[PDB]
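Colleague: One structure is given below, represented as structure tokens, and several questions about it will come after.
Cβ placement follows ideal geometry from the backbone for every residue including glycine, while neighbour counts extend to all protein chains displayed. Every read-out reported here was derived from the displayed coordinates using simple, explicitly stated rules and does not represent laboratory data.
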Amino acid sequence: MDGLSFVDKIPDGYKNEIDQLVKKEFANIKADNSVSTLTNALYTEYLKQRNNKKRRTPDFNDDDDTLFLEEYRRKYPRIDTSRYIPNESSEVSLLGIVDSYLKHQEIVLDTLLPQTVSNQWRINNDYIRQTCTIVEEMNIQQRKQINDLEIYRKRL
Amino acid sequence: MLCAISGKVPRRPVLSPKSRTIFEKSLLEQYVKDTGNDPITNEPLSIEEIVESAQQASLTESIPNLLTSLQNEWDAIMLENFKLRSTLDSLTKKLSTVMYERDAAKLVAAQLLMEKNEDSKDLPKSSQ
Amino acid sequence: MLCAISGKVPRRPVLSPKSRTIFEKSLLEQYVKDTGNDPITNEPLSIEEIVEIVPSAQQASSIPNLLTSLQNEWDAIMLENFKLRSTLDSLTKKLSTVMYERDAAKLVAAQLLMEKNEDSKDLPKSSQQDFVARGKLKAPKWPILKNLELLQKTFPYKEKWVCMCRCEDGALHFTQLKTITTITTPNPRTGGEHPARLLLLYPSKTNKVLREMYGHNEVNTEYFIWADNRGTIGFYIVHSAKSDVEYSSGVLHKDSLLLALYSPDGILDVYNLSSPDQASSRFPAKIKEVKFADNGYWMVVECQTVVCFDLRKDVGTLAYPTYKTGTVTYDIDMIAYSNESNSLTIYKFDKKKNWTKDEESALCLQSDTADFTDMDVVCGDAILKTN
Amino acid sequence: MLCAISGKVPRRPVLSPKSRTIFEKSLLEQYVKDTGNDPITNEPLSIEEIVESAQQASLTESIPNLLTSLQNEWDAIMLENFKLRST
């Protein structure tokens with residue numbers, strides 16, 4: 001488990017080396033209704049279902065069919081012209097009121113970006129001290145190790 | 001400011017008293033009837049336990065609401081969840097490659113733990 | 001569609017304008033005449049307070065529910081997207097924690113390897129300072145393959161006939177016409193053979209099936225694994241695109257889930273039968289023979305060395321190197337391992353040679369253990385010998 | 001966007017779980033320390049009761065907002081019919 005990240009100042013060759021040894025040990029081991037059916041089929045096939053491309057074109061001196069199609073264009077154009085009246089009445093006040101809401105929504109996210117930033121650096125900060133604590137202790141151990149190694153020889 | 005189920009910006013937000021989290025009324029009311037518990041914390045919660053303005057500027061070119069806008073909404077719902085199902089499938093596959101490579105490393109360490117200390121032991125014995 | 005006094009279907013639904021609850025005109029009127037009150041809330045109410053009769057006027061008796069239906073289906077869409085995302089991010093936590101911990105655990109090895117290495121040079125620099133010939137034809141001489149019936153009976157393949165012979169009576173029970181591999185079924189009445197491109201299944205002294213380098217009976221007794229120079233194994237029929245070469249031998253592991261196939265390019269390929277996948281390859285000339293031990297964790301392979309594999313570690317723990325020597329056949333009894341080819345040798349598996357026979361003239365093509373190792377059998381390029 | 005007690009733009013909004021209303025933490029905290037209550041409804045509330053996941057949202061713009069739009073369309077057109085039924 002133990003591998004000191006901050007203390008071990010470990011080349012790319014060692015990653016490539018260790019990857020090969022890990023690789024060799026891997027060589028050894030080796031709820032909705034009908035809605036979901038049509039939605040998954042639409043996405044898989046990459047084709048959206050065609051809508052009513054009729055109101056836009058039409059034609060004068062048609063028949064009973066275009067008499068309907070004509071009368072459709074009138075009522076929707078009157079609804080359109082009424083739908084543009086209540087927008088222009090308020091105008092830009094309704095738009096800029098929503099623009100202000102979006103600024104309150106945005107700043108909230110970036111506050112959380114900082115809260116995460118601080119606690120993430122704070123955890124790493126605690127790790128750092130641990131790394132330097134033990135890395136010294138390991139240094140102490142190795143020095144003592146080398147002392148015996150030659151001490152035992154010089155006695156013999 | 002958002003709902004904690006769909007990812008909406010709620011029109012009638014309602015907060016639960018067991019876990020302080022704001023949901024849109026329709027979506028929290030649906031969960032309680034499906035299974036009577038809080039979706040996030042899995043704690044007992046009922047419809048009576050719940051405790052209850054946003055402006056969108058309708059575009060200048062607002063026919064399109066029936067044809068173009070509604071079409072795009074069910075395209076965007078369709079191709080996202082399909083792509084999201086694709087993302088979930090790969091995470092489980094990439095999970096299996098993670099755990100296998102992990103256990104492969106465990107065996108290396110276990111194999112090397114026997115190797116190293118016995119090599120060190122042999123140096124201690126050599127002196128004699 | 002119900003009154004809130006009797007519980008009947010109201011034919012004249014009147015309502016009180018103090019507590020919203022639709023009653024029937026008869027019952028509410030009888031309650032008001034009894035005592036001037038609303039029956040549900042006990043508030044003040046009179047007869048004139050009640051709104052009687054149906055309401056349809058300037059209204060006319062679709063569309064609105066279609067939008068309601070559109071909402072109801074969306075309500076599911078949101079609920080589904082939530083549970084799909086939870087599992088998405090919750091799995092990403094496992095992915096992230098693993099990948100981090102993997103490369104963390106990877107650095108353990110890099111450190112460990114260099115210290116292990118240091119221990120080597122340090123210490124190194126310091127330490128420095130019966131014989132039956134009539135089973136098959138005399139004019140086309142040679143027995144090329146051998147098996148013993150697991151439940152009791154000898155099976156040989158000849159330089160084109162398959163023969164079943166009884167050691168006790170010294171009689172040939174059957175000469176089967178229709179051979180470099182043979183397998184004896186435990187049922188005693190079924191025998192299998194293969195040759196330079198069929199597998200044949202025999203009873204009746206007859207061939208009952210012709211199925212179109214190695215042949216092995218599955219643990220169930222119901223299926224045969226085969227290998228071929230055509231690069232495929234068969235049970236289904238599969239090859240390795242990547243390896244793409246002749247398979248030289250084939251054997252099931254005793255539990256019947258995995259098997260091994262030797263290759264002309266010196267690999268021992270391990271396969272998962274269920275998944276039909278190549279799960280491991282043991283490297284280290286053409287493979288000539290492989291044998292799984294009944295202990296379930298040893299595999300012996302040959303190509304002039306016999307290599308021993310521990311399947312729990314996937315490591316080569318021992319190699320017996322012979323000199324010119326051809327190892328053609330390997331088999332465990334799991335106490336003993338026999339080899340045959342240039343000659344016959346038997347090793348004790350515990351300490352790795354206990355028997356050595358050189359009676360055959362020319363190549364030995366098969367070796368086998370009688371039950372409890374009470375005898376050994378071998379066949380040669382005409383004799384079948386018992387020891 | 002506003003704090004209901006002061007009327008300012010709250011720089012640390014915390015929503016209560018008894019009278020649902022967005023209060024400024026520093027303001028509401030003092031209200032609770034005065035007496036354990038919610039300022040609007042005068043129901044009991046403590047500091048732990050006051051509260052400041054993985055699905056990503058996008059801003060409320062012109063599917064659900066589109067469906068509530070079509071209600072406005074039809075509900076207005078239904079009144080248009082009354083003007084001609086009554087006349």
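Colleague: For residues that are touching a strand residue (DSSP E or B) at 6+ places or on another chain (Cβ under 7 Å) and within 12 Å of chain D (Cβ to nearest Cβ), tally how many sit in region B:22-51.
Modeller: Selection size over region B:22-51: 6.
Colleague: With exposed (fewer than 14 other Cβ atoms within 10 Å of the Cβ) and either within 21 Å of C:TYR157 (Cβ to Cβ) or touching a helix residue (DSSP H, G or I) at 6+ places or on another chain (Cβ under 8 Å) (or both) as the only criterion, which of C:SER367, C:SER338, C:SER361, C:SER343 stands out?
Modeller: C:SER361
Colleague: In addition: Of the residues B:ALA54, B:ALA76, which is more than 20 Å from the chain's Cα centre (by Cα), exposed (fewer than 15 other Cβ atoms within 10 Å of the Cβ) and either within 11 Å of chain D (Cβ to nearest Cβ) or in a helix (DSSP H, G or I) (or both)?
Modeller: B:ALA54
Colleague: Report whether or not B:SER53 is of a type in the set (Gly, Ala, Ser) and under 27 Å from D:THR21 (Cα atoms).
Modeller: yes
Colleague: Within region C:101-132, how many residues are facing chain B (nearest Cβ under 10 Å), more than 19 Å from A:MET138 (Cα to Cα), surrounded by fewer than 16 Cβ atoms within 10 Å (Cβ to Cβ) and out of contact with any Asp or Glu (no Cβ under 8 Å at 6 or more places or on another chain)?
Modeller: Total meeting the criteria: 3.
Colleague: Out of the residues in region B:23-48 that are of a type in the set (A, V, I, L, M) and in a loop (DSSP other than H, G, I, E, B), state the one that is surrounded by the fewest Cβ atoms within 10 Å (Cβ to Cβ).
Modeller: B:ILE47
Colleague: Give region C:254-274 a look and list any residue that's among the small types (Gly, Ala, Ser) and in a strand (DSSP E or B), or say none.
Modeller: Within region C:254-274, C:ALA260 is the sole residue that qualifies.
Colleague: Considering only residues that are facing another protein chain (nearest Cβ under 7 Å) and small (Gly, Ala, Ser), look in region D:50-68 and name the one that is farthest from D:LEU15 (Cα to Cα).
Modeller: Across region D:50-68, the extreme among qualifying residues is D:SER62.
Colleague: Here is a further query. Only one of (1) touching a strand residue (DSSP E or B) at 6+ places or on another chain (Cβ under 7 Å); (2) closer than 24 Å to C:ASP244 by Cα is not met by C:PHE283, so which one is it?
Modeller: The one condition C:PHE283 does not meet is (1).
Colleague: Among (1) under 25 Å from D:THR68 (Cβ atoms); (2) out of contact with any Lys or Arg (no Cβ under 8 Å at 6 or more places or on another chain); (3) facing another protein chain (nearest Cβ under 7 Å), where does B:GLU61 come up short?
Modeller: The number of the failed condition is (3).
Colleague: Would you pick out the residues in region C:162-207 that are under 29 Å from the mean Cα position of the chain (by Cα), assigned to a strand (DSSP E or B) and not hydrophobic (A, V, I, L, M, F, W, C)?
Modeller: C:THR181, C:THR182, C:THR184, C:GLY191, C:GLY192, C:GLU193, C:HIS194, C:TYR202
Colleague: Kindly check whether there is at least one residue in region B:84-93 that is within 10 Å of chain A (Cβ to nearest Cβ) and either surrounded by fewer than 13 Cβ atoms within 10 Å (Cβ to Cβ) or not in a helix (DSSP H, G or I) (or both).
Modeller: Yes, region B:84-93 contains a residue that is within 10 Å of chain A (Cβ to nearest Cβ) and either surrounded by fewer than 13 Cβ atoms within 10 Å (Cβ to Cβ) or not in a helix (DSSP H, G or I) (or both).
Colleague: With respect to B:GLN71, is the statement that it is under 30 Å from A:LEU102 (Cβ atoms), surrounded by 13 or more Cβ atoms within 10 Å (Cβ to Cβ) and more than 20 Å from the chain's Cα centre (by Cα) true?
Modeller: Answer is yes for this residue.
Colleague: Do we find that D:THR21 is of a type in the set (S, T, N, Q), out of contact with any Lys or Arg (no Cβ under 9 Å at 6 or more places or on another chain), surrounded by 12 or more Cβ atoms within 10 Å (Cβ to Cβ) and within 27 Å of C:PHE82 (Cβ to Cβ) in this structure?
Modeller: Yes.
Colleague: Determine the pairs where a residue that is hydroxyl-bearing (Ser, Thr, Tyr), located within region A:1-13, has a partner that is surrounded by 14 or more Cβ atoms within 10 Å (Cβ to Cβ) with Cβ atoms under 8 Å apart, the partner being 6 or more residues away or on another chain.
Modeller: Qualifying pairs under 8 Å: A:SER5/A:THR131; A:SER5/C:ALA104; A:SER5/C:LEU107.
Colleague: Residues to consider are A:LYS54, A:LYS30; find the one that is surrounded by 10 or more Cβ atoms within 10 Å (Cβ to Cβ), within 30 Å of C:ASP103 (Cβ to Cβ) and basic (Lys, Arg).
Modeller: Result of the check over A:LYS54, A:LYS30: A:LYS30.
Colleague: So, of the residues in region A:109-136 that are under 28 Å from A:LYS9 (Cβ atoms) and of a type in the set (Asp, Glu), which turns out to be surrounded by the fewest Cβ atoms within 10 Å (Cβ to Cβ)?
Modeller: Among those residues, the one meeting the criterion is A:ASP126.
Colleague: Does region A:1-16 hold any residues that are within 10 Å of C:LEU107 (Cα to Cα) and of a type in the set (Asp, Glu), and which are they?
Modeller: A:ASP2, A:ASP8
Colleague: Tell me yes or no: at least one residue of region C:280-293 is within 12 Å of chain A (Cβ to nearest Cβ) and of a type in the set (D, E, K, R).
Modeller: Scanning region C:280-293, I find at least one residue that is within 12 Å of chain A (Cβ to nearest Cβ) and of a type in the set (D, E, K, R), so the answer is yes.
Colleague: Can you tell me which residues in region A:101-138 are away from chain B (no Cβ under 13 Å) and among the aliphatic types (A, V, I, L, M)?
Modeller: Across region A:101-138, the qualifying residues are A:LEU113, A:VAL117, A:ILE123, A:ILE128, A:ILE134, A:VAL135, A:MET138.
Colleague: Among the numbered conditions (1) over 20 Å from A:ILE29 (Cβ atoms); (2) part of a loop (DSSP other than H, G, I, E, B); (3) not aromatic (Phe, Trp, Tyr), tell me where C:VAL251 comes up short.
Modeller: It fails just one condition, (2).
Colleague: Still on this structure, please answer the following. I need a count of the residues in region C:102-154 that are farther than 30 Å from C:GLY170 by Cα and either in contact with a strand residue (DSSP E or B) (Cβ under 7 Å, 6 or more places away or on another chain) or of a type in the set (A, V, I, L, M) (or both).
Modeller: 10
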